[PDB]
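For reference, the structure discussed in these notes is given below.
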Amino acid sequence: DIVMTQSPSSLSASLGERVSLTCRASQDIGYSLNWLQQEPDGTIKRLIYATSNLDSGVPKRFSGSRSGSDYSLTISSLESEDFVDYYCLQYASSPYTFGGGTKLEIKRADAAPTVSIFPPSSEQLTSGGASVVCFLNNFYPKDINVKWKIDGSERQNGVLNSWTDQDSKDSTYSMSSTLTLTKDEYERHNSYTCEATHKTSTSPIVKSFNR
Amino acid sequence: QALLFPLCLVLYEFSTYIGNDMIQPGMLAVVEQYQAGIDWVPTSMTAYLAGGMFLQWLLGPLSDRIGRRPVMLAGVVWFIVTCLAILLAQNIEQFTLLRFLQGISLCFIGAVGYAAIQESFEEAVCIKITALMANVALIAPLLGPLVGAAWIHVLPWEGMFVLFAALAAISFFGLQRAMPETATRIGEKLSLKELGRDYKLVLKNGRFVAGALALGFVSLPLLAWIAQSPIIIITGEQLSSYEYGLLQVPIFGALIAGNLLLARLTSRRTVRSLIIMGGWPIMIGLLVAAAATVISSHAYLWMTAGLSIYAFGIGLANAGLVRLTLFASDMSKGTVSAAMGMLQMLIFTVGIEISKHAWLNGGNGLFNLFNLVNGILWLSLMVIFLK
Amino acid sequence: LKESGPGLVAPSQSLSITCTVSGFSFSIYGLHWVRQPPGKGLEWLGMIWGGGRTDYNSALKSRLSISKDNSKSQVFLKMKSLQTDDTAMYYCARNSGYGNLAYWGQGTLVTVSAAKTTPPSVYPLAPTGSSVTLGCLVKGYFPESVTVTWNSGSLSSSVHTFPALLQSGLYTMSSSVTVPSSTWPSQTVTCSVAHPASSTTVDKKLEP
């Protein structure tokens, strides 16, 4: 298999900006290369075939190229609809292989996360398990670090996080961290601290509770 | 199903073959209407076959860059237009030119058309198909010259070129709506630089090369017979034109049987075993022809029966080895098929010239001894080619 | 291109996605199968070449089988011995006069599990500040499709729908909503979790 590593893995920029993608090949693939964009709903649309050829009905801002093993795709003046997923495809040797993709996000809106802790309801403790929910809503960039602590510094490892693609109208992210524990193991501790680290504040934001 | 792409490809293939097979009978009538010397009679076969050797190298890789459909369908039009264009040839020199321009329609077959037949169909199905359509193509060398003789006595010879365009116009519409597109490199840049890099890559593939040469060496004893059986039998053994053409029947009839048997065995034996099953008649027949004519310098029937056994093995083996060699390289098949054909055209051009001089300074024995080492070469190349 | 799929299958079972090809030129251009796992990008499965010649992916060349039907003008992807891995959105791409994979299929979401459309389990989430954030943790349902609505479908200004995740069987999604401190708890806030697959909808009010 000719592995195709696509970079940047993700990228953000405002409108009308000249930004480029890149897929490096494991070995020589010549000019046999495609470029495919995936609309948010999942519709996959091909834009460029055979390294450089724009497909019929694609805006002029798109243009693919080759330099050695590195094949790139540039949008001159980005538009609103262009912020989607983008994959490359190699068809030089079977099996055909795709790239690691690149998901494109808008602008650089900077903000801090609205953290808030939630203990588990007694209705959930009927089943024998407890989930401590911690919402980190409205924050950008998507880069963030979060961690739980069951004491002063006693960390844990059974966390499960869920992010949402950047929200529609405010262009900010959110997260749904949850920690699953047994009713017996849950009630044999008191403090649960939900600490997070994010660029906007060098002072770590904290939210905790005590049963 | 809609597998008339094989059916319509052989129709075009057959049409280019009768463009020379049916014409040579009337070439004396052609050269007399044009008021030219009888030395212009052979140059119409020379011009037609030289056209097939012309654009072989480009049509293949071009069809990788822009598709097997537009290239092939264009050549069908070239054949049809140049078939009718010869009806405006006012002198013999114009005729010979159009003979060569028609001849370019032949190199669309190997490099473009049969590349699509191999990429489109599965392994065992494609070998049944290529072997059986080969028999329909052999109708032209077998019956073309005899049909061309009957044609000129009752109908004008110029009406043959109308017949060629009519069969190819049938073929064009069939190919139009049926021919699959199998080119992977569509939309690629075409330059002499990259085109040169493509052929250097395939010639590095020793396994591919070993199989493409084996197709030349094993088929050379058959072309050496076609090119020299008139001299060997008629002017050498003092046999009639009937008994010469009669000795072609056991040889070319055995070739068809080898394809008919191969076709039926496609589903019942591996391609590796089909080639080996055909390899036994190839060496036995060549040895029968070689050993009997070294003992009996004028044993032309042992030579005919020897080459017939050998001709049976070729029909069994060829269509399989053509497939294996073609896919033995990961290059685009237009470039591969062109390379295979040129590697065979090279073996036939140089090989036949040696066999001509092999028969002069040494009788049928040396002509058959030269045929035997080519079978030994193939055998030795298959030991390298199969593992 | 429209690909009819099963939707749900079990491990160590067989599936059959049938893609119907638009256009008279059905047996001219080749056809591919591409899958998209929920997170792990795109993967090329195989290809059939118009005359029947097949070309599979080496890793999955073990279970894959791509065949055509000249009568009904469609191509099948038949895959054997399934598992969690092969849960993906399977696409039907097609060659063209301009190269490979020029026209793509709609996609059919095929899933590999065992549970029988289990109804969800809704659990509330409650905490004092400038504005208050509330939630609705939903656990234990089988088809990944649930809609949460707040205040009978009136207030959805600062609502965050979170994607569901698999937890050793069944999914555990989450929903969040933010309202000023003056409204709650003096006002009623209820999350209606609609799970059409099990024909259920659950409302749950939040209390501190």
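The numbers used for chain B are those of Swiss-Prot, and the residues that appear cover 14-400, in sequence.
If you check the header, you will see the structure was determined by X-ray crystallography, 3.4 Å.
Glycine too: its Cβ is placed from the backbone N, Cα and C atoms.
As recorded in Swiss-Prot:
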TOPO_DOM  B:33-53  topological domain 'Periplasmic'
TOPO_DOM  B:73-82  topological domain 'Cytoplasmic'
TOPO_DOM  B:104-109  topological domain 'Periplasmic'
TOPO_DOM  B:131-144  topological domain 'Cytoplasmic'
TOPO_DOM  B:188-226  topological domain 'Cytoplasmic'
TOPO_DOM  B:248-255  topological domain 'Periplasmic'
TOPO_DOM  B:277-287  topological domain 'Cytoplasmic'
TOPO_DOM  B:309-314  topological domain 'Periplasmic'
TOPO_DOM  B:336-346  topological domain 'Cytoplasmic'
TOPO_DOM  B:368-378  topological domain 'Periplasmic'
TRANSMEM  B:15-32  transmembrane segment
TRANSMEM  B:54-72  transmembrane segment
TRANSMEM  B:83-103  transmembrane segment
TRANSMEM  B:110-130  transmembrane segment
TRANSMEM  B:145-165  transmembrane segment
TRANSMEM  B:167-187  transmembrane segment
TRANSMEM  B:227-247  transmembrane segment
TRANSMEM  B:256-276  transmembrane segment
TRANSMEM  B:288-308  transmembrane segment
TRANSMEM  B:315-335  transmembrane segment
TRANSMEM  B:347-367  transmembrane segment
TRANSMEM  B:379-399  transmembrane segment
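Outside the topological domain 'Cytoplasmic' (B:277-287), and at least 6 residues removed from its termini, the chain residues within Cβ reach (under 8 Å) are 136-138, 140-141, 144, 329-330, 333, 336-337, 399. Under 8 Å from some Cβ of the transmembrane segment (B:379-399) lie the Cβ atoms of residues 220, 223-224, 226-227, 230-231, 233-234, 237, 241, 245, 285, 288, 292, 295-296, 299-300, 302-303, 306-307, 316, 319-320, 323, 334, 337-338, 341, 364, 367-368, 371-372, all in the same chain and six or more residues away from its ends. Between the transmembrane segment (B:315-335) and the stretches B:83-103, B:145-165, B:167-187, B:227-247, B:256-276, it is B:256-276 that has the most C-beta pairs under 8 angstroms. Listed as Cβ neighbours of the transmembrane segment (B:15-32) (distance under 8 Å, sequence separation of 6 or more from its ends, same chain) are residues 61, 65, 89, 92, 96, 115, 118-119, 122, 126-127, 129-130, 133, 142, 146, 149-150, 152-154, 157, 160-161, 173-174, 177, 180-181, 183-185, 187-188, 191-193. Here the transmembrane segment (B:256-276) lies next to the transmembrane segment (B:145-165) in space: the count of CB pairs under 8 Å, restricted to residues six or more apart, reaches at least 3.
If you look at the transmembrane segment (B:83-103) against the transmembrane segment (B:167-187), you find at least three C-beta pairs under 8 angstroms, all six or more positions apart, and that counts as contact. Using a Cβ-Cβ cut-off under 8 Å and counting only residues 6 or more beyond its ends in the same chain, the topological domain 'Periplasmic' (B:104-109) has close neighbours at 43-44, 47-49, 53, 56-57, 60. Among residues of the same chain six or more beyond the transmembrane segment (B:288-308), those with a C-beta under 8 A of the stretch's C-beta atoms are 231, 234, 271, 275, 278, 282, 315-316, 318-331, 333-334, 337, 376-378, 380-382, 384-385, 387-389, 391-392, 395, 399.
Residues 233, 237, 240-241, 244-245, 249, 303, 306-307, 310-313, 316, 384 of the same chain, all 6+ positions outside the topological domain 'Periplasmic' (B:368-378), place their C-beta atoms under 8 angstroms from a C-beta of that stretch.
Residues 61-62, 104-105, 108-109, 116, 153-154, 157-158, 160-162, 164-165, 170, 173 of the same chain sit 6 or more residues outside the topological domain 'Periplasmic' (B:33-53) yet have a Cβ under 8 Å from a Cβ within it.
Residue counts for the topological domain 'Periplasmic' (B:104-109) under DSSP, helix first, then strand, then coil, are 5 helix, 0 strand, 1 coil. Same-chain residues lying 6 or more positions outside the topological domain 'Cytoplasmic' (B:73-82) and placing a CB less than 8 Å from one of its CB atoms are 124-126, 128-129, 192-203, 208, 211, 345-352.
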